[PDB]
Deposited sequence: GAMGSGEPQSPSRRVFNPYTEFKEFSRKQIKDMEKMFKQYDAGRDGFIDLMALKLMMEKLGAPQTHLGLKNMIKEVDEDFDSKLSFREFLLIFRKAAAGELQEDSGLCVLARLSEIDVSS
């Protein structure tokens, strides 16, 4: 898993910023309770099911937790125009330090 060749739409700086965010809200996985805390600190808490739905959207290996690759997939979906307006994932991407739409 080389995120640098898989996610060519993000600069190395963007990917490293995404990694800094990932490591912070962290074994290398962000589970539901970790995602809950992250949305709380960001100022936008989500419901239990809202968090589960955020994970489900990018959980490509179906273990109900987010690897770094799947975290990057959130930003890929955001930058591809695939997230629903004001969805939990849209809100995470917006409130992160990371601008992907320009």
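Q: What portions of the deposited sequence, indexed from 1, have no corresponding C-alpha atom in the structure?
A: Those stretches are 1 to 15, 42 to 44, listed in order.
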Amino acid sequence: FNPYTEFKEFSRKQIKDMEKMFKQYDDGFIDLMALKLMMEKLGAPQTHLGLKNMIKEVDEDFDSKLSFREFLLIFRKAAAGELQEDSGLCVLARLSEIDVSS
From here on, numbers count along this sequence of modelled residues.
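Q: Look over 17 to 25 and 87 to 95 in the entry and identify the one with the greater average Cα temperature factor.
A: Higher of the two, by average CA B-factor, is 17 to 25.
Q: Between 53 to 61 and 35 to 43, which has the higher average C-alpha B-factor in the PDB entry?
A: Mean B over CA atoms: larger for 35 to 43.
Q: Splitting the chain's C-alpha B-factors into thirds, which one does residue 76 fall into?
A: For residue 76, the deposited C-alpha B-factor lands in the lowest third.
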